[PDB]
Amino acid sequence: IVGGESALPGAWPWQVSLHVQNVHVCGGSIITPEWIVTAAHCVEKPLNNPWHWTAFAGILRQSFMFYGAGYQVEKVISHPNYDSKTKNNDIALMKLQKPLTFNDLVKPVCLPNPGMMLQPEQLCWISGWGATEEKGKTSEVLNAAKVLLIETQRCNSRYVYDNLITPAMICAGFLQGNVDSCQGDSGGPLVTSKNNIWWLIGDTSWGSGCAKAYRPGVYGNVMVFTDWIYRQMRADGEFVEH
């Protein structure tokens, strides 16, 4: 997160740090005690196998994510129509071996319902351990920042992303920059507060640089993916009934 601030305990109880080889790779968002929403490009081969991934929840600091605090990932499911070249359908689901324990520091974010009626420039928040500046290293402390939704028409402009924003993507940030997600925030939450409920409206996907002018963050439109998300958990719920 570039241009944001360090998160306090309980501020973003859904944010998880996904680890491979004892280091943070991507962010995720808890929706149920066993299901985390992340980005498909995080789990591209060779990280498509579940045994590579550990999820850390309720821990703000990377150096505090000790051996024994992590949750082993049991299943990884990339979106069936993911395109690694266009980042279209950049959504993936991770199932945990042991369900999370919910308290003030670990809680799920609500999946977006149809009829949200969000503002065209809705105030949003992005959190993650991503770089605090372009090409920087992972952030030790969890960071967060306010971003504004950017209408796809404007984001698809010729001086912004020139028709690269698909209906499976939403844009968030500031066309002047200085506040944006960055590498390491990918898969992390883009959430908004409405009706005193936090809604996961996007998952951090891609962008040209970090916090550069006229290059805002592009986020996977979770709203479009909810039908796929519901089908995956329901299908798992019936297999595991065995």
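Basically, rigid core = biggest C-alpha set you can superpose within 1.5 Å across the two forms. Start at 1 and count along the sequence shown; that's the residue number.
When the other structures are laid on the shown form by the core, the C-alphas of 63-71 and 204-212 differ in how far they drift in 7 other deposited structures of this protein; the larger average drift belongs to 63-71. With 204-212 and 191-199 compared on mean CA B-factor from the PDB entry, the stretch scoring higher is 204-212. In this entry, 175-183 has the higher mean Cα B-factor, the comparison being between 29-37 and 175-183. When the C-alpha B factors of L18, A11, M233, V222 are read from the deposited coordinates, the top value falls at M233. Of all the options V141, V109, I126, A92, the entry's greatest CA B-factor is assigned to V141. Ranked by Cα temperature factor within the chain, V76 sits in the middle third according to the deposited record. The PDB entry assigns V2 a C-alpha temperature factor belonging to the middle third of its chain's modelled residues. Among all modelled residues in its chain, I59 ranks in the lowest third by Cα B-factor. When the modelled residues of the chain are ordered by their C-alpha B factor, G136 lands in the highest third. Per the deposited record, the Cα B-factor of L118 falls in the lowest third when ranked against the other modelled residues of its chain.
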